[PDB]
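Peer 1: Chains as they are written, first to last, in the entry's author numbering: chain B, 36 to 748; chain A, 36 to 748.
For every residue, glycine included, the Cβ atom is placed at its ideal position computed from N, Cα and C.
I have a structure I would like to understand better, so I am pasting it below and will then ask my questions one at a time.
There are 2 protein chains.
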Amino acid sequence: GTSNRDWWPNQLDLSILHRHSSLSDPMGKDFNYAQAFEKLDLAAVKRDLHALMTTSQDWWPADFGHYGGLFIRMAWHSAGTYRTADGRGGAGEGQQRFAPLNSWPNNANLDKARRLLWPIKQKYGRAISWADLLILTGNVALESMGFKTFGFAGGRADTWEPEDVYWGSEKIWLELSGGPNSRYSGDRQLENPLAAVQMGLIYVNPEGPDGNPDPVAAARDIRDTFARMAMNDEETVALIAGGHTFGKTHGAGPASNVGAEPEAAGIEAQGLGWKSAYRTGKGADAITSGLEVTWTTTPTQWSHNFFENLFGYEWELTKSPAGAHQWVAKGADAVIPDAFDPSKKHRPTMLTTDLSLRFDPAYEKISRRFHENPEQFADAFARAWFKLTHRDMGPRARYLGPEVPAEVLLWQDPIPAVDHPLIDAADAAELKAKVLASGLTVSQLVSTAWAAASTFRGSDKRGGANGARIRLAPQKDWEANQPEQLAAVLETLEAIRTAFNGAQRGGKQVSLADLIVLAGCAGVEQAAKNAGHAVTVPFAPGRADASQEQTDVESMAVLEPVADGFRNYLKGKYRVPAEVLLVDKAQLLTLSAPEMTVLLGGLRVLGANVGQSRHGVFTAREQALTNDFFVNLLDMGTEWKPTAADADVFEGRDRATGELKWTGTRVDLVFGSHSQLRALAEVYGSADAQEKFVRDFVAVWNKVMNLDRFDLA
Amino acid sequence: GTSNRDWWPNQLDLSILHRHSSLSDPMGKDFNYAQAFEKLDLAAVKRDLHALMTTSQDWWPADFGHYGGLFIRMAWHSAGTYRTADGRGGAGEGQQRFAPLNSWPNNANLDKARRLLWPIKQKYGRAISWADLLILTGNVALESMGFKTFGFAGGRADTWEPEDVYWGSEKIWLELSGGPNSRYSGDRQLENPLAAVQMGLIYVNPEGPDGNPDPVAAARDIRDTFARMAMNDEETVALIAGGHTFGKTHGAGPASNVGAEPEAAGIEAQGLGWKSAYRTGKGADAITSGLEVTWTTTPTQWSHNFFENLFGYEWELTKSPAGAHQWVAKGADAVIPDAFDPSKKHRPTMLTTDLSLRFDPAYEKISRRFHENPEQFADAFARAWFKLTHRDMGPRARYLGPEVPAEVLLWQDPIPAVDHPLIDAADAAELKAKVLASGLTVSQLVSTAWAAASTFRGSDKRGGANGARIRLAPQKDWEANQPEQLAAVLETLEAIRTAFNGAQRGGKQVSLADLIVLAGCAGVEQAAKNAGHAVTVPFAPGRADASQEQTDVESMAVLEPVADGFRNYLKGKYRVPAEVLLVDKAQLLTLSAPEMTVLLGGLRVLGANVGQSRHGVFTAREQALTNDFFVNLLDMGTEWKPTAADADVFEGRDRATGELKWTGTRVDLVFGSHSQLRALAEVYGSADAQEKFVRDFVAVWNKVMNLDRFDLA
Ligand code: HEM
Ligand code: HEM
Ligand SMILES: [Cl-]
Ligand SMILES: [Cl-]
Ligand code: NA
Ligand code: NA
C-alpha cells in the first residue's frame, strides 16, 4: 500500500501533534491517574514485589534464585533513554513496553522482566501504571538485596502509543559509526539530540567504542553520553559501579542462536522475543548481550566487592562464549558463584566499560574515593538512582505517595513554597492597570510573557514561567529573549511589584513570576481592545520566584530556544527545515495543529517577533489582536518568491502591480503551502472567524501560561 | 529519521483507527455542520458562484471566458474516486484538497479550480464546507450553461486530514500494467478494491488501455471501472457524454514543460502545482492532460452536439501537440471555437474513450438512443450526476437544504417513513421480557442483532440495521449470517411482533428492524445478568422496515462481510492477514482501537462466532458477559502454538502439563501479540476492570446499533 510518506517523503508530518488522543486511550476522558495512585496501597504492592523477587518461573528461571539484577537493569533501561537536549525518552511514560524500545537489542530479555510483572499489574489495575511499576520494581529489587534507596515518587501516567522520537537515521540495528547515516562526525562528535553511540543502545557499547576494547576511549563515550543524560562524573561512576554490584550478563553461546525481537516475532510468541535455540534457551544457557560477566562474590546482595575487584586485580582481554570482548582477572581464584550450579565457581570478570572507571584518570579518582569510603559510594548511588529514575517527572508538585524524599535537589529546578496570601481578582485588575499605565507596549508585554512561559517542554516537564527564571542566568541573556529589551521590561515590572507589595497589609505579595504572566495577559487584553474587542484573559496566581542558587545554569542551557517559530527566530543555519523545527517546538509545548496555527498567527500581529522583524507581520494594525495574518496570507492577489539574497526569506508582491506588500520566512509561508495547515488557516481567515480567532487565541495563550502549573493540577 | 514502520514494515497499523480526533479539528467540540448549513443562504452562494463562472483571473484565464467546464471536471474528480467495494473515496469528505488526491496526475490544475473558490469559501465560512462547495460549484456550472440539474443536498462535513485508503501498490505515478506491483492479473482482472486502471487516474486512460488507442478495448476498461463505482452502461454513457458536452482538454505543448505537483512544489507556490514553462504556462498555452480536444461547437452551453459530432463524422487518429493519441474529423469544416482567439476555429476532435461510446456495441445502442432523443440524454445525465455526486452521503435523512430531490431512488437503499407512535420505555421492557421468555438464547439474540447492525460502513454510510434488510435477499442468505439459524430467529421475533402490534391501540406498532435490535439488547442484558450484573442497554426506536422491492440486490452484494473478525469469520483464504482485515472492518464501523478491543472480547464470550466455533471463546461461562477473554488470553500459564493442520489456528496448552485449554485464530491472538493491542487487553483483563468492561461493552454495542441512525442526529 503506497502512502503519502512514500510519495512525498519530505512533506511535514503533523500527526506527531495529534498523538495521544482520546481515541487511542482506553481510560475514560475524566480518568485521573493521580487520584487512583493516591488511593493505592503502595506498601501492599511492595510486599508483592518482594515476594516476586524469589518466585522463579520456569519459562525464565531466576539467576541465583533472585530476579533483582534483571529488574534493576529493567528500571535503569526504562530511565536510560532520556536525552537532556529535548527531554525525550526516560521512564516517565512507560515507553519501554511499546515499539521501538520494546525491541531494541540493548533491551533483550527485558520483555521477560515485564511479563513477570503482569500478575502484579493485573492485581492492582489502574491504580498503578506500568510506568510507575517499572521504577518501583527496581527500587524493591535494590531494597530486597540490602540497599536502602533515597525514595520514590509515583505519578507517571501510562501512555497508549509510541512517542515520536528521533533516535537516529541508521537503517541497521547497532550500526557502527561512519556509515551513510552516521551519528558521528569530526572528532567523535555525536549529533544532537542523540545520547547513545549506536542505534538500539542505551548509552555506550559494553565492548568499547565501535567494538574496540579500549577502556580509555570507552570512558570518553561514557562521559559524553551520560552528560547528554544529565549526569556528571560522580553520578556516572556511582551508577555504573552501583548497578554492576548486582547480577550478571548473559552470553552462554553464539548470538546466532537468538531469534526475532518482539515486534518481529510470530503471533504465537504472545509479545515476547529473542527466543534462543541454544541449549535450554534460558537460565544457565541465557543469551542477552553476548557477554558473560558476573562482577561480585554476592550478586544478590549489596556489597563493596565491585571496587575491591576492579582495583584488586590486573585484567586480561578475553572472549565470552559468544565471541564478545571482555576481561578476566589475572591469576585469580574461582571466587564468583555460578547462577545455577552450586558446584561451579568462576574468576572475576569485567566489561571494557567497567575498566573505564579505573583507567580514565578522572573516573579513577572517584572510583578510588568510593573504594576507600564505601558510605560515600552508597549515598552517591542512592541519590543518582533517584535522579536517574525521576529526572523526567517534572516539578515536585507531580510527585505522589508516601515515599517522596523531602530533600529538595538542585536538579529538580525547585520552586519555593508560597507562604502568603495570593492576589485576588481585584488586585489583578489593579496590577494590569498599572502595567498598562507604565507605558510598556503590547509587543513588550506579550514578548516577555511568551519568553518566560514557552521554555516549558512536556517531554520532561521542565521549564515554564514558574520561578521567574527569565530574570536569572542564563535565561536573561538568551538571544531569543532579547536581553536588552528584556532588562528594561523587567526593571519596570519589578518597580510595579515593589510598589504593590509595599502597600499591602498582612503578608499579601505578588511574585515577579506571576506579574510577568499577568502583564502578558494585560498586553493581550489591550491588543483585543485595540481591535475593538472586549476580552478578559484568565489568570491564575500562585507562581513563586526561584533564586539563582536554585537554578543550575549548566542544566538550564538545554532549554535555550535556538529555533522558535512562534517568534520567527532561528539562532543559526540548521540542516532541518525551519517548519520542521516549528512542529517540533509545538510538540514540546503540547500544542495541537489548530493550537499552533492560532497561536502563531496571533503572536505575529502582536509584535512577538525577535528583533521587531516584519517577517510574517501581515497586518497594517500591529499590536491589535485580529485574524489579519490568515486573511492576508491566503490572499491570492499576492504572489510569493524567494529573495535573491536568502532563499529562506520570501517577498509577497501584488500580482497585478508588482508592488511589495510583505516579507515572510518558511515558518510563515508554510501555513499557505502545506495542505493541512492551509486548511486550518482557512478557518481562521474566513469572514465569520474574527471572534473565533480571538477566543481560540486567548485559550491557547492561557494554556501556554499554565503549562507548568502542576500546583493547580 | 528511522521509524517503527521502517523497522517492522509488516506490523499492524492502528493509527487508521485514531484519525479525525478532536485534536486535529479546528472547530469546537460542539460544532454542528448541519446546523450551520441549514442557516446558509444557499441562493446567495449560488448567485456568487454564477458570477464567478465568467470572472476570469489572470493567473488562470478562463477558457472561452467561462470556468464551467473546469468546475464540472473538478466536481466529477471529487466524486469519481468512489469504490463500491469498500465505499471509500467519493466527494463526501472533500478529500480532493488533501494528499494524495490533491496531487494525483489526473487532478492536475484542479488546484487552480479550488483556488478560484477561496473568495466564496471565505465569505460564507463554516456555513458551507469545502466538500459541499465543490459539488455545488459543479451544479452551478451546469445550471449557468443551460442544464437543468436533478437537485442538490448539503451536509458533507469537512474533514481535516487525509483518509487512509489503499489506492494501489505501484511506486510510480501512472505506471502501466504488468509491472512488479501490477493491479491487473489473469484476463485483465483489476484487484479489489481498486476502481481505476493506473495509479493516479480517476477511472481509465484517455488514450486507451495502457496507452493503446483502440476504442473497442478502451470500452472494456470503462465498463469495468464505472461498474466498480456503481454505475451501469446507461449511467456511464450519460455521464461521459454529458461531461464532454462542456469545455476542453489541455495539451498545448510537451508535458516535460510541467513541473512539480502540489505536494512536491516549493513553499512559494502556496499550495498550487504543475507550474508550466511552456509559453505563458496558462490559458491558450495550458497543459493538463497532454490532450488537445474540444468536443462541441458551444463549449459553454448545454447542447446535443457531442453525439451529433460523434455519429456525424468519421474519425482519424492523430497526435496532440504534446504527443498524445486523439482523434480528429478531417472531413469537417472548422466549426469548433478557439478558447482565446476569436479569429481561429478548429475541426471536431474526440478522445479514444469518447469513441468507445460509438464503437462498443452495447454503448452504441445507448448512445444512439441519446443522440436521437436528447431529452432522454438530459434526464439520464441529470440523474446520473446526482447519483455520482451523492452516492457516498448515506441515508436521505442526512440530506440538507432547499434543493433535495423529492423522488426516492432505489440506489439510496431507502427506508419508509414512520407514520405511527413509537414504543416507549415500558413497551421496550415488555418486549425484552417477551423475547427472553421465547427461549431465544443470548447467542442467538446477540448474533442476529450483530449481523443486522454491522453491515454499516462509515466510508459511504451504507448499511446498518435500519430497514430490517437482514430478512430480505441477499442478506438473509449470506453465509456469515447463518441463514438457517437466522430464519428461525426471525420467525420467532416476527411472531412476537405480530402479537405485540395486534394488542395495541392508537396506531402504536414496533418495526421488525427495531425489534431485532431490541432483542439484541435483551440478549446483552441477560448476559450481564448471567454474570451477576443488572444493567440496562440503551435502545432508540424509530427504525422502519424496507421491502424487497425497495432493495437492489446487486448493489447490496458489496456489503456482504467476507471477513468479520468480530464473528471470527473468514469466507475464504486471502492474501491479507486476518488481523489486518479486522482493523479494516473496525475502521469501517468507525471504532477506535479500545472500542474494537472491548467489543471483540465481549462478543467472543457471548457466542457471536459463526458456526459456534470455540476459537477465541476463552471462558467456562459462555453467554455470560465477563472479561474472561482478556484474563484468559493474558494468562502466562498458557503456551500457544500453531496447529500442524492449519498455521492460522493456534492451540493454547497449560505450560506445565501440556493439557489443551483453548484454540484461537490470528484475530484472537493478535490481542496478546501486538504491543498496543496487548496494552489495551491488559486494561480490560485487570482485576479492577469488571465494571469498566461491562460499561464499555454496553456503550460500544449501542454505538454499533445506532451507526445508521441519522434520523436521530
Ligand atoms: C556504561 C554504562 C553501562 C553499560 C555499558 C552496561 C552494560 C551492561 C550489559 C552489557 C549488561 C548485560 C546484559 C545481559 O547480557 O543480560 C548489563 C547488565 C546489568 N547492568 Fe549494566 N551497563 C551500564 C550501566 C548500568 C547502570 C547505570 C546500571 C544501574 C544503575 C546497570 C545495572 C545493570 C544490572 C543490574 C545488570 C544485571 C542484569 C541481570 O542480572 O540480569 N548498568 N549492563
Ligand atoms: C471514461 C471516462 C472519462 C475520461 C477518460 C475522461 C477524460 C478527460 C480528460 C483527459 C480531460 C482533459 C483534462 C485536461 O487536459 O484539462 C477531461 C476533461 C473534462 N472531463 Fe472528462 N473524462 C471522463 C469522464 C468524465 C465525466 C464522467 C465527466 C463529468 C460528468 C467529465 C467531465 C469533463 C469536463 C467538463 C472536462 C473539461 C475540463 C475543462 O474544460 O477544463 N469527464 N476528461
Ligand atoms: Cl518519549
Ligand atoms: Cl476516503
Ligand atoms: Na521524556
Ligand atoms: Na467514501
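Answer yes or no: do residue 374 (chain A) and residue 288 (chain A) have a C-beta to C-beta separation smaller than 8 Å?
Peer 2: It is not a contact, given that the beta carbons lie outside the stated cut-off.
Peer 1: Can a CB atom of chain B be found closer than 8 Å to the CB of residue 704 (chain A)?
Peer 2: So, interface residue.
Peer 1: Please report the Cβ distance between residue 274 (chain A) and residue 446 (chain A), rounded to the nearest whole angstrom; I am assuming they are in contact, meaning their Cβ atoms lie under 8 Å.
Peer 2: Between residue 446 (chain A) and residue 274 (chain A) the Cβ distance is about 14 Å, and since that is not below 8 Å, they are no contact.
Peer 1: Would you mind sorting residue 66 (chain A) into buried or exposed? The rule is 16 or more other CB atoms within 10 Å of its CB.
Peer 2: With fewer than 16 other Cβ atoms within 10 Å, it is exposed.
Peer 1: Could you pull the start and end residues of the beta strand (DSSP E) that residue 253 (chain B) belongs to?
Peer 2: Per DSSP, residue 253 (chain B) belongs to no beta strand (DSSP E); it is in the alpha helix (DSSP H), 250-262.
Peer 1: For residue 688 (chain B), which of helix, strand or coil comes out of DSSP?
Peer 2: Residue 688 (chain B) falls in the strand class under three-state DSSP.
Peer 1: Beta strand (DSSP E) containing residue 364 (chain B): first to last residue?
Peer 2: Unbroken beta strand (DSSP E) run through residue 364 (chain B): 360-364.
Peer 1: Give the residues from the stretch 127-139 of chain A that approach chain B closer than 7 Å (Cβ to any Cβ), ordered along the chain.
Peer 2: Hits within the stretch, in order: 132, 133, 134, 135 and 137.
Peer 1: If residue 450 (chain B) and residue 502 (chain B) are in contact, beta carbons under 8 Å, what's the gap, nearest whole angstrom?
Peer 2: Confirmed, Cβ separation roughly 5 Å.
Peer 1: How many Å lie between residue 701 (chain B) and residue 135 (chain A) at the Cα?
Peer 2: Their backbone Cα atoms lie some 22 Å apart in a straight line.
Peer 1: Determine the chain B residues that contact residue 671 (chain A) at a beta-carbon separation under 7 Å, and present them in chain order.
Peer 2: Here the neighbours are 150 and 153.
Peer 1: In chain B, what lies closer than 7 Å to residue 707 (chain A) by C-beta?
Peer 2: By Cβ distance, chain B contributes 305 and 306.
Peer 1: Between A:250, A:726, A:437 and A:624, which lies nearest to residue 743 (chain A) when the distance is taken from Cα to Cα?
Peer 2: Checking every option, the nearest Cα to that of residue 743 (chain A) belongs to A:624.
Peer 1: Beta carbon of residue 676 (chain A), beta carbon of residue 685 (chain A): below 8 Å?
Peer 2: Yes, these two residues count as a Cβ contact at 8 Å.
Peer 1: Got a sec? Which residues, its chain only, sit under 7 Å from residue 706 (chain A) by beta carbon, not counting five neighbours each side?
Peer 2: If we look at residue 706 (chain A) and ignore the five residues flanking it on each side, its Cβ neighbours are 632, 668, 712, 713 and 716.
Peer 1: Which value, in whole angstroms, describes the spacing of the CA atoms of residue 232 (chain B) and residue 238 (chain B)?
Peer 2: For residue 232 (chain B) and residue 238 (chain B), the distance between alpha carbons rounds to 6 Å.
Peer 1: What does residue 693 (chain B) touch in chain A if you count any residue whose Cβ is under 7 Å from its own?
Peer 2: Those within 7 Å of residue 693 (chain B) in chain A number zero; the least Cβ separation is about 13 Å.
Peer 1: Note down the Cα distance separating residue 186 (chain A) from residue 439 (chain A), rounded to an integer number of angstroms.
Peer 2: Going from the Cα of residue 186 (chain A) to the Cα of residue 439 (chain A) covers about 6 Å.
Peer 1: Could you pull out every residue in the same chain whose Cβ sits closer than 6 Å to the Cβ of residue 250 (chain B), ignoring the five residues on either side in sequence?
Peer 2: If we look at residue 250 (chain B) and ignore the five residues flanking it on each side, its Cβ neighbours are 387, 390, 391 and 394.
Peer 1: Give the residues of chain A in contact with residue 53 (chain B), contact being defined as C-beta atoms less than 7 Å apart.
Peer 2: Simply 56, 58 and 59.
Peer 1: Please report the straight-line C-alpha distance between residue 612 (chain A) and residue 480 (chain A), rounded to a whole angstrom.
Peer 2: Cα-Cα distance, rounded: 29 Å.
Peer 1: Taking the alpha helix (DSSP H) that residue 541 (chain B) falls in, what are its first and last residues?
Peer 2: Note, residue 541 (chain B): premise wrong, no alpha helix (DSSP H); not H, not E.
Peer 1: Could you check what DSSP says for residue 328 (chain B) in three-state terms: helix, strand or coil?
Peer 2: The answer is coil: DSSP assigns residue 328 (chain B) none of H, G, I, E or B.
Peer 1: Does the distance from the CB of residue 546 (chain A) to the CB of residue 579 (chain A) come in under 8 Å?
Peer 2: Cβ distance < 8 Å, so residue 546 (chain A) and residue 579 (chain A) count as in contact.
Peer 1: Which parts of the stretch 155-185 of chain B are runs of the alpha helix (DSSP H), unbroken and 4 residues or longer, counting only runs that do not cross its ends?
Peer 2: For the stretch 155-185 of chain B, whole alpha helix (DSSP H) runs of length 4 or above, ordered along the chain, are 165-179.
Peer 1: Quick check on DSSP: helix, strand or coil for residue 46 (chain B)?
Peer 2: Coil.
Peer 1: In chain order, what residues have a CB nearer than 7 Å to some heavy atom of ligand 6?
Peer 2: Chain-ordered list of matching residues: A:117, A:122, A:123, A:124, A:125, A:127, A:128, A:427, A:494 and A:495.
Peer 1: On the criterion of 16 or more Cβ atoms from any shown chain inside 10 Å, does residue 218 (chain A) qualify as buried, or is it exposed?
Peer 2: Buried is the call here.
Peer 1: With DSSP as the reference, please indicate the residues paired to residue 605 (chain B) in a beta bridge.
Peer 2: B:598, per the DSSP bridge assignment.
Peer 1: If the cut is a Cβ gap below 7 Å, which residues of chain B does residue 214 (chain A) touch?
Peer 2: Within 7 Å Cβ-Cβ: nothing; residue 214 (chain A) doesn't reach chain B, min ~12 Å.
Peer 1: Where does residue 317 (chain B) fall in DSSP's three states?
Peer 2: Residue state, collapsed to three classes: coil.
Peer 1: Within 8 Å of any Cβ in chain B, is that where the Cβ of residue 723 (chain A) sits?
Peer 2: At least one chain B Cβ lies under 8 Å of residue 723 (chain A).
Peer 1: Verify whether the separation of the beta carbon atoms of residue 335 (chain A) and residue 173 (chain A) is less than 8 Å.
Peer 2: No, the pair does not count as a contact, with Cβ atoms beyond the cut-off.
Peer 1: Do residue 108 (chain B) and ligand 1 come close, with the Cβ less than 7 Å from some heavy atom?
Peer 2: Yes; taking the cut-off as 7 Å, the Cβ of residue 108 (chain B) has a heavy atom of ligand 1 nearer than that.
Peer 1: Can you list, in chain order, the residues of its chain whose CB lies under 7 Å from that of residue 572 (chain B), leaving out five sequence neighbours each side?
Peer 2: Within the same chain, residue 572 (chain B) has close Cβ partners 556, 559, 560, 733, 736 and 737.
Peer 1: Report yes if the C-beta distance between residue 636 (chain A) and residue 664 (chain A) is below 8 Å; otherwise report no.
Peer 2: Yes, these two residues count as a Cβ contact at 8 Å.
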